[PDB]
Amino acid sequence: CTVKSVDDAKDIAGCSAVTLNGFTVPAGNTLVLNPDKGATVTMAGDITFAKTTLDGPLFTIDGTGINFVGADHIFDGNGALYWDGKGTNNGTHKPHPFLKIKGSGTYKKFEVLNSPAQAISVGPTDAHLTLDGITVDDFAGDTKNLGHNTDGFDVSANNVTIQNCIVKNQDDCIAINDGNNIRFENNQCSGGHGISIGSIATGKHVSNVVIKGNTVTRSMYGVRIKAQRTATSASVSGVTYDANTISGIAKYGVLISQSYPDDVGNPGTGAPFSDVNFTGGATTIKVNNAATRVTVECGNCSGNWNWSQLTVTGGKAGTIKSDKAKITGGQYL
């Protein structure tokens, strides 16, 4: 019931208590854990991934009701051996995602250090899944702007809570791409592209999202809802921003747009956005001098969007094209 190598990992069936020791995952291998239902998995060392040619995920854990106790240990992706400024768009192969977490349970207190590109992929789930007190430290990727597409958390799942986490990276802190009942609370995001829903692709539906209590600094965007211009049979519905404190934003404090991968222009109509609110505690956003405060670029948006608790200052005014939605309240124009 102690995993000391990639081959030990296949031998944990029957273990209600697994200890994950530190070791290196050699080139050409992956670490896959399928723990027993309700098992506790406790990390007792750091896991380092030698430079590899495999596609990600390099680490996959999949189980029901798992209790993962990280004890502040590290999954080290050796990302600087791969980073070339091009991420997953071109250039060197980047194993991605680094980690994949599937099923359900509670995952606490570990660090992902220097992922090659996207760090933690979440989903699908079979019950609630909570990630609590995880650090994605890709800060080294800022050097010479070589880290790219280093998303903290990519979520395509239902019934997820991500709380008390820290992300230092070069792309979305979180990107919520699909699923219902997703809560992102009391996290700290710096260096990247902010807190995102999307990009929303054809057939994907994000609903009942709560973005609460987070701090975002030194980022390209504060919060975004982005849908591919071309997406159809897609939607975002029921999003509440509450109590977020954001500053140091370079491009847009808020960008809600159906023109992706562009920020604005000829927005699509097949990924309707509805019921997007800034309520509860104040969401205060300070943007840089050349930044835009708030832009909404809808081809198809509906509802009474209560933005009473949003305050955005700095930079210049954006544009509001909200289609059928009525945006009330707040301070940003």
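All residue numbers refer to positions in the sequence shown, first residue = 1.
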With reference to the PDB entry, specify whether the mean Cα temperature factor is higher for 259-267 or for 99-107.
259-267
Comparing 286-294 with 268-276, which has the greater mean CA B-factor as deposited?
286-294
Looking at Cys301, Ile47, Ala50, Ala44, which has the highest Cα B-factor in the entry?
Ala44
Tell me, please, which of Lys144, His193, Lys226, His148 has the highest C-alpha B factor according to the deposited entry?
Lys144
Considering only modelled residues of the same chain, in which third does the CA B-factor of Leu131 rank: lowest, middle or highest?
lowest
Based on the deposited C-alpha B factors for this chain, I'd like to know if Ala250 is in the lowest, middle or highest third.
highest
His93 CA temperature factor, ranked by third within the chain:
highest
Going by what the PDB entry lists, where does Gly77 fall on CA B-factor within its chain: lowest, middle or highest third?
lowest
Pull the Cα B-factor of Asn159 out of the PDB entry and bin it into the chain's lowest, middle or highest third.
middle
